[PDB]
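Questions regarding the structure given below will be posed in turn.
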Amino acid sequence: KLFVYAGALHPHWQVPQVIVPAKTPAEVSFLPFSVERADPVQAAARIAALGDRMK
Amino acid sequence: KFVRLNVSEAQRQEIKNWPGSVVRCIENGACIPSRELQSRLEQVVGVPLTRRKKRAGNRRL
Amino acid sequence: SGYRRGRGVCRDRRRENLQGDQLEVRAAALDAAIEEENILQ
Amino acid sequence: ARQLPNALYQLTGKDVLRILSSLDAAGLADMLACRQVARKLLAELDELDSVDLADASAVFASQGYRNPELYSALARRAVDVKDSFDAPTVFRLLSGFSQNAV
Amino acid sequence: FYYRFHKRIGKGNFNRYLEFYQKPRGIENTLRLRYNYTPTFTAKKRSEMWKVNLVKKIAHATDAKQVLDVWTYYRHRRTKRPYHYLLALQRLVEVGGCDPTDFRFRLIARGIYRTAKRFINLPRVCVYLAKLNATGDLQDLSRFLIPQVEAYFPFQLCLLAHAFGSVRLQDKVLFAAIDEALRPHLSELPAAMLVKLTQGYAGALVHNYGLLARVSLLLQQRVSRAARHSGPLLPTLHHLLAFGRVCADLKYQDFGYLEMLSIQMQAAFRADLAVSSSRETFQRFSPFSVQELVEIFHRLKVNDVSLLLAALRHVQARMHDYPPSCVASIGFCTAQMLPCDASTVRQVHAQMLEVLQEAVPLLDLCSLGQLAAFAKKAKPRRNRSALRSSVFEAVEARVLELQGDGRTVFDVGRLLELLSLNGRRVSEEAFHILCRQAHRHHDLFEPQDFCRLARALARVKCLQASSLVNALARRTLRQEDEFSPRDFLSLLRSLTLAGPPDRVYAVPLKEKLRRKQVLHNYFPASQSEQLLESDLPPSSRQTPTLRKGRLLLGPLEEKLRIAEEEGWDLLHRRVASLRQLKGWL
RNA sequence: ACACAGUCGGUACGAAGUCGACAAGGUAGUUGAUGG
RNA sequence: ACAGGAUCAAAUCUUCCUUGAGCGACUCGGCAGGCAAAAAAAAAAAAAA
RNA sequence: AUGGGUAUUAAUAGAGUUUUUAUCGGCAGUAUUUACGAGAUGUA
C-alpha cells in the first residue's frame, strides 16, 4: 500500500499531486515603499555628467 | 557530428552556413530545423519529435 | 438534515463536530414545538 | 410564432386563433404570423363560430394587421351565422372593426 | 497465507538526475494485492457495493460527462458484465452522445470488444455504437458478427443493417450474409422492418437490386391484399415513400412500383380534397410526404405528368397549410421537371413564388438556394426580370442573417452562380460569407459541383477567394480520376481565370489534363515544367533552409483546482492540503 | 499452518431506500474551520 | 481503424486536435491440445482422405 | 449549356477452383475447451 518516487510528480491516475503549478502572489492593499523624485534639471545634469565617465 | 556526417550535401552546406551550432540552437528554440534534419535527429535519439504521419491507402467511395 | 434522519445514520457527523468546535472556540403539540424551539436556541 | 407555419396543417382555425391570442397577450408583434394565419382563416370560413370571429377580429385589431379582404370575409360570415351571437360577443366582433377602421 | 511481495533495486540511472516535471512511466507496485486475511462484513460490503452504485449512478447521471466520470471511477472494479456495458451505452445515447475518442469512453469500447463473444444481443450493442458514432468499434465487431447472422432473429438482422447504414460504413460480406439469412423470412417481415433493411442498404450504398425487386414485389402484393412488438405487415403511404426514397438513393428505377405509388397518391389527393370538415385533412399524408414524393420522382427522373400535376393541384388547393420549406422544395423539383409554359403549371408556380417571396424571412440556407433556383427557372407572365432581381435581393438580405449557420447543407456553388449571372454583381459581404461557408461542403462535392463553383468564382472575378481556389485545386488534383475530359478542361480553365492557383497545384493539374487528353483522344477546337523545391509550401520544411524561431508543440476551491489542473473530477471524494491545518488545530 | 500444532480474542443487519431531508445555496439531499 | 472532431480547409501523400501507453507488440477467436499409437540424446521429421 | 437530363471506366449483392513426389512394409485411437448476461426495459 506504499508508493515512493524519486521525482516530484507521481503517475497515479486518480490521486492529487503535492507538487503543483505555481500561482501569482496575492495582491496587497499597501505600498511597502515611498518614492521621491529629484528635480528634473539636476537629474539631467547628473545623467549627463555620468554618461561620459562611464562610456 | 552524426547529423552533419549523415545528412545530404545541400543540408550540409546549409549547416555550414548557419551561424553557431545547429543542435544547440534547436534545443534553445532559436532555429527551426528542416524535415531531413529532424529525421536524422530522430534517428539519433530513438523517438519522434513531432506527430509522426503514417501514409494510408484509404479512399471514400 | 443528513444527521437528523429518523432511522439513524450508522455514523456520527465528525465533520459537524469539528466545525462546531472550531466555531465555538473562535467565536401538547404546541408544547412539543416549544421544546423544539428550545433545542433550536 | 416563427414555428407556427410548420404546424398550421395539424391545427384548426380555433387552435390557430387560440395560439395567436395567447401570443398577443404575451406581447408579441410579428405581422408575418398574422399574415400567414389570415389565409387559413379565410380558407376555413365555413367552420368558424361567432366566438371565433370575434376573437379573430379582436386579435388582428390589437396586432394592427389590416386586411380588407379578411375583414369583409369575417363580416360576411358573422352575418351568415348571426343567430348564434350574444351581446358581449357582438361587441367583441365590432371592437376590432372600430380599432382597425374597417 | 504468506503474501510474497518484494520491492527490488532495479536498473535505473539517477546520478546527475535532472528534474523535468514529467511523470514517470508507471506505478512501482503492479503485482496484484491479494489479501491474506478474510474481510469483515463492512469490508466485503464496501468491496461489493459497486455492483449497486455503478448502475444507480449511471441512472442518476444526466450528462455524458457524469456517465464517463462514474465509469472511470469504477474502472478498477471487477468483473464488469454485458448488462453493465449495455446500461452505459443506453444512458450515453439517451443523454445525447459523447466524443467516441475520449479515453473514458475508450475504456468502455475496449471492454465491449473484449467481451464481444459473450454478448447474447450483440446487435443491440452494435445499434448503440452506431447511434453513438463509434464507427471504428462497429467496424471491428463485424468479425464476430459474421458467424452469427444466421442465428439471430430477422428483426435483429434488419436493425443491424440499419445501424451499419446509418454511419455509412460499407461491409459487403456482412450485408451479403444478412441477405442470405433473410431470404426465407423476407415475406413475413413487417413493413417497418423491410423499410429498415432497405434503408440500411441505401445508407451503405450497396446496390442489391435483387433485394430491392423482391421488396418492391412484396410491398405491391401487400397493398393489393389491403385493397405491440412486431408491427403491422400491411404498409402505409409513409412506408411506400420511404422505400421509394431508398430506390432513389440506390438508383433503382422501378416503373411498376412507381405506377403503383402514383395511383395510390392520386387517390389519396382525391380523398383529401373530398374531405370537408377540416379535421380529417392530411389524415393519410402530410406536406412533407408530398415533398418526399416529388423529390423521389425528380431524383429518379421519372416524368409522371399526371402525378406531378395532381401534386401541384393539391398544393394550390391547400397552400395555406403548406410549410414554406415544402413549398420551396416542391417548386424547385416541379420547375426542374416540367415545362413552365403549361397554364396550370405556370399559375401554380406563380402563386408558389409569391408565397415564397412572402416567407423568405423564415427560410434557411437550403430553402433560400432552392427558391433562388426556382425563381429563375420559372417563366412568369409579368415582370420576369424584376421578379428574379427582387428574389436575388431578398436572398442576399437574408444570407447576412445566417452568417453563423455552420450546420445547414446547401448548394453554395449554385447560389453564387445565380447571384453572379447575366452581368449581375454579387454583394461583397454575401459573397465572402458564401465562399467562407463553401469549405464545409467540399467533402460532399461532385465533379459538377466543382465545375459550378469554379465557374461562379471565375465569373465573379471577371472579388477572388484565393484560399477557396487553392482548396478546389488541391481537391480536384486528388480526385482527377473522377472527371471527364470536358469537365476537367473547363474546370482547369475556370480555376485559372478565377485567379491562378499556386504553382504547386497548377503544374501537376496541367500534367493530369495532358494525360487525360491523350488517353481519351479529346482535343477541343479552341485547344508545363517540372516541380521546383522553391514552389513547395513554406509551412512544411522540405527545403534545407533553416529559419529563426520555434516549433511550438503546445496548442469548493479544492475541487475546482483539481478539476482545472489535474483534469479529473473528485465526485464525492474530498481533498485538503497542509496549508489549512491551523483551521482544524 | 510462521506454530510440541495449542491458547486468548475474532467480522456488529437494514439507506442495497428515496413520491428523500439552524443558516446558505446558485439546486450538488451540495455547503459553514483556515492569511504569513 | 486515418476511427472521431475543429478551422476564410491541409502538395501529390492530413494543417492540426482526440485516441491516459488506440489492450506491452503482432496475430487468432471452429482459436487453443493433455494422453494413446508411431518415432525420438536437445530438437526436428506424416494435410486430410 | 444564363448549366448539370452533363459527356468518363460499375468485376455490380458474388475476382470463385487441391500442388509435388511416389513400385513394395508401418502409426494415427481419445479427452479438454469459448454465453462466469439480467435475450428483456422484446422490434415504436
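Letters A, B, ... mirror the listed sequences (proteins, then strands); counts begin at 1.
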Next on the checklist: Just to be sure I understand the rule, does E/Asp443 reach a base, reach only the sugar-phosphate, or reach nothing, if contact means heavy atoms closer than 4.0 Å?
Outcome noted: nothing
Next on the checklist: For E/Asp179, give me all partners under side chain to side chain donor-acceptor pair (under 3.5 Å), at least two apart in sequence or on another chain.
Outcome noted: E/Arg214
Item to check | Between P of H/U2 and CG of E/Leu419, the distance in whole Å | outcome: 18 Å
Checklist entry - When the nearest nucleotide of RNA chain G is assigned to E/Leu536 and to E/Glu566 on a heavy-atom basis, which residue is associated with the more 5' position? => result E/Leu536
Next on the checklist: In whole Å, measure the gap between the P atoms of H/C27 and G/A39 for me.
Outcome noted: 10 Å
Item to check | Watson-Crick or G-U pairs under 3.5 Å in RNA chain H, rendered as dot-bracket with [ ] for crossing pairs and | for another strand | outcome: ............................||.|............
Item to check | Contacts of E/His239 that satisfy ring-ring contact (aromatic ring centres under 6.0 Å, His included) - sequence neighbours left out | outcome: none
Checklist entry - Rounded to the nearest Å, what distance is computed from the NE2 atom of residue A/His12 to the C1' atom of nucleotide G/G20? => result 15 Å
Checklist entry - For B/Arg60 and G/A3, is the shortest distance between a side-chain N/O and OP1 or OP2 below 4.0 Å? => result yes
Checklist entry - Nearest to the side chain of E/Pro100, which nucleotide is it out of G/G4, H/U8, F/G14? => result G/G4
Checklist entry - Considering only side-chain heavy atoms of E/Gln139, which listed nucleotide, G/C13, G/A3, G/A10, is closest? => result G/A3
Next on the checklist: Please confirm whether the shortest side-chain N or O distance from E/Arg486 to OP1 or OP2 of H/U8 is below 4.0 Å.
Outcome noted: no
Item to check | Given RNA chain G, 5'-ward residue of the pair E/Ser540 and E/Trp568, judged by closest heavy atom | outcome: E/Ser540
Checklist entry - Choosing from G/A1, G/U12, F/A15, which nucleotide comes nearest the side chain of E/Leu477? => result G/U12
Next on the checklist: For the backbone of E/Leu300 and the side chain of E/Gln253, can you confirm whether one donor and one acceptor N or O come within less than 3.5 Å of each other?
Outcome noted: yes
Checklist entry - Who are the side chain to side chain donor-acceptor pair (under 3.5 Å) partners of E/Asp102, not counting sequence neighbours? => result E/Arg104
Next on the checklist: On the nucleotide F/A12, are OP1 or OP2 found under 4.0 Å from the side-chain N or O atoms that E/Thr42 carries?
Outcome noted: yes
Next on the checklist: Keeping E/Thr198 on the side-chain end and E/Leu194 on the backbone end, is there a donor-acceptor pair under 3.5 Å?
Outcome noted: yes
Item to check | Side-chain N,O (E/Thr135) to OP1/OP2 (G/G4) below 4.0 Å | outcome: yes
Item to check | Pair listing, side chain to side chain donor-acceptor pair (under 3.5 Å) test, anchored in residues 444-457 of chain E, at least two apart | outcome: E/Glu417-E/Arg455
Checklist entry - Mind checking what makes ring-ring contact (aromatic ring centres under 6.0 Å, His included) contact with E/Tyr252, not counting sequence neighbours? => result E/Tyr209
Item to check | By ring-ring contact (aromatic ring centres under 6.0 Å, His included) - contacts of E/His162 (at least two apart) | outcome: none
Checklist entry - Over how many whole Å does the gap from E/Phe103 atom CZ to G/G4 atom P extend? => result 21 Å
Next on the checklist: Can you tell me if B/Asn58 touches the phosphate of G/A3, counting only side-chain N or O atoms and a distance under 4.0 Å to OP1 or OP2?
Outcome noted: yes
Item to check | Whole-Å gap separating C1' (F/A16) and NZ (E/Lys44) | outcome: 15 Å
Next on the checklist: Mind checking if E/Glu446 touches a base, just sugar-phosphate, or nothing, with heavy atoms under 4.0 Å?
Outcome noted: nothing
Next on the checklist: For a quick check of understanding: with a heavy-atom distance under 4.0 Å over all strands, which category does E/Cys451 fall into, base, sugar-phosphate or nothing?
Outcome noted: base
Next on the checklist: So C/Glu16, base contact, sugar-phosphate only, or nothing? Heavy-atom distance under 4.0 Å.
Outcome noted: nothing
Checklist entry - OP1 or OP2 of G/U12 less than 4.0 angstrom from a side-chain nitrogen or oxygen of E/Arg474, does that happen here? => result yes
Next on the checklist: In terms of relative ring orientation, are E/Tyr35 and E/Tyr37 parallel, tilted or perpendicular, with 30° and 60° separating the classes?
Outcome noted: perpendicular
Next on the checklist: For E/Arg75, is there any backbone N or O sitting under 3.5 Å from a side-chain donor or acceptor partner on E/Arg78?
Outcome noted: no
Checklist entry - Which distance, rounded to the nearest 0.5 Å, do you find between the CD of E/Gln479 and the CZ of B/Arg60? => result 12.5 Å
Checklist entry - Do E/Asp102 and G/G5 share a donor-acceptor pair, side chain to base, under 3.5 Å? => result no
Checklist entry - For atom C1', what is the distance between G/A25 and H/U41, given to the nearest Å? => result 42 Å
Next on the checklist: H/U2, OP1 or OP2 - any side-chain N/O from E/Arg459 closer than 4.0 Å?
Outcome noted: no
Checklist outcome for this item: Picking from F/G14, G/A11, H/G4, the nucleotide nearest the side-chain atoms of E/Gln448 would be H/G4
Item to check | Sidechain-backbone polar pair: E/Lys559 side chain, E/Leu571 backbone, donor-acceptor under 3.5 Å | outcome: yes
Checklist entry - Does E/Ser47 use its side chain to pair, donor to acceptor, with the backbone of E/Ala43 at less than 3.5 Å? => result no
Next on the checklist: Return a single string for nucleotides 33-43 of chain H, one symbol per nucleotide in 5' to 3' order, where B is base contact, S is sugar-phosphate-only contact and - is none, cutoff 4.0 angstrom on heavy atoms.
Outcome noted: -BBSBBBSBBB
Checklist outcome for this item: The ring-ring contact (aromatic ring centres under 6.0 Å, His included) partners of E/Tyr113 (sequence neighbours excluded) come to E/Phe144
Checklist entry - Start at the 5' end of RNA chain F and walk down; is the nucleotide closest to E/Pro39 or to C/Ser1 reached first? => result E/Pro39
Item to check | Under-4.0 Å side-chain N/O to phosphate OP1/OP2 contact, B/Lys53 with G/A10 | outcome: no
Item to check | Side chain of E/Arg440 - closest among H/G4, G/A9, G/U19 | outcome: G/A9
Item to check | Side-chain N,O (E/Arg452) to OP1/OP2 (H/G4) below 4.0 Å | outcome: yes
Checklist entry - Side-chain N or O of E/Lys56 less than 4.0 angstrom from OP1 or OP2 on F/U18? => result no
Checklist entry - Are E/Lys80 and E/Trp50 in a cation-pi setup, meaning NZ or CZ lies under 6.0 angstrom from the ring centre and within 45 degrees of the ring axis? => result yes
Checklist entry - Can you name the nearest heavy-atom pair linking E/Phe392 to E/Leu418, along with the distance? => result CE1-O, 3.8 Å
Item to check | Summary of protein contacts for nucleotides 27-34 of chain F, nucleotide by nucleotide, where a base hit scores B, a sugar-phosphate-only hit scores S (4.0 Å, heavy atoms) | outcome: --SSSBBB
Checklist outcome for this item: Hits for side chain to side chain contact (heavy atoms under 4.5 Å, CB included) against E/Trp584, two or more places apart or cross-chain, chain-then-number order -> C/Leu18, C/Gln19, C/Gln22
Please write out the pairs of protein N or O atoms and N or O atoms of nucleotides 23-25 of chain G separated by less than 3.5 Å, giving the distance to one decimal.
none

Checklist entry - Nearest nucleotide by nearest heavy atom, which residue falls closer to the 5' end of RNA chain F, C/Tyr3 or E/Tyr2? => result E/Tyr2
Item to check | Presence of B/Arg55 side-chain N/O under 4.0 Å of G/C13 phosphate oxygens OP1/OP2 | outcome: no
